[PDB]
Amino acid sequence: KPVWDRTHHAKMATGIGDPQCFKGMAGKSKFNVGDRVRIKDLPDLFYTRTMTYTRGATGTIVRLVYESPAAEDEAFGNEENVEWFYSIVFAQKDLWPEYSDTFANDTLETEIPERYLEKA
């Protein structure tokens, strides 16, 4: 009985692109460039694209990359909700306890959807 719509994505993104096709659907962003945010350790049962190594760490937002449904929802066919994605820069020393002070300027940049962020 279950019928899957195999044309929805194409009709929506054709000539526009992904994630361009979700532009403006997230509304106003909760955070902006320069903000210091800490990664909330939300439950990761079954799926997540916010690496375990970033949980509880604080970084700096350097760019609002695009709007898109969270992978946690998109990966299960749920695209009704769209949110802002942020590119965040972490100091390596804040992720790995053993990082050497000799390489004090090393960093790691990665993207995280708004749901995982909270003001530092």
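Just count from 1 along the sequence shown to find any residue number.
The deposited model assigns a higher average Cα B-factor to 22 to 30 than to the other stretch when 37 to 45 and 22 to 30 are compared. Looking at 109 to 117 and 4 to 12 together, the entry lists the larger mean B-factor for 4 to 12, computed on C-alpha atoms. The deposited CA B-factor of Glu72 belongs to the lowest third of values across its chain.
Sort the chain's modelled residues by C-alpha temperature factor and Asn81 lands in the highest third, per the entry.
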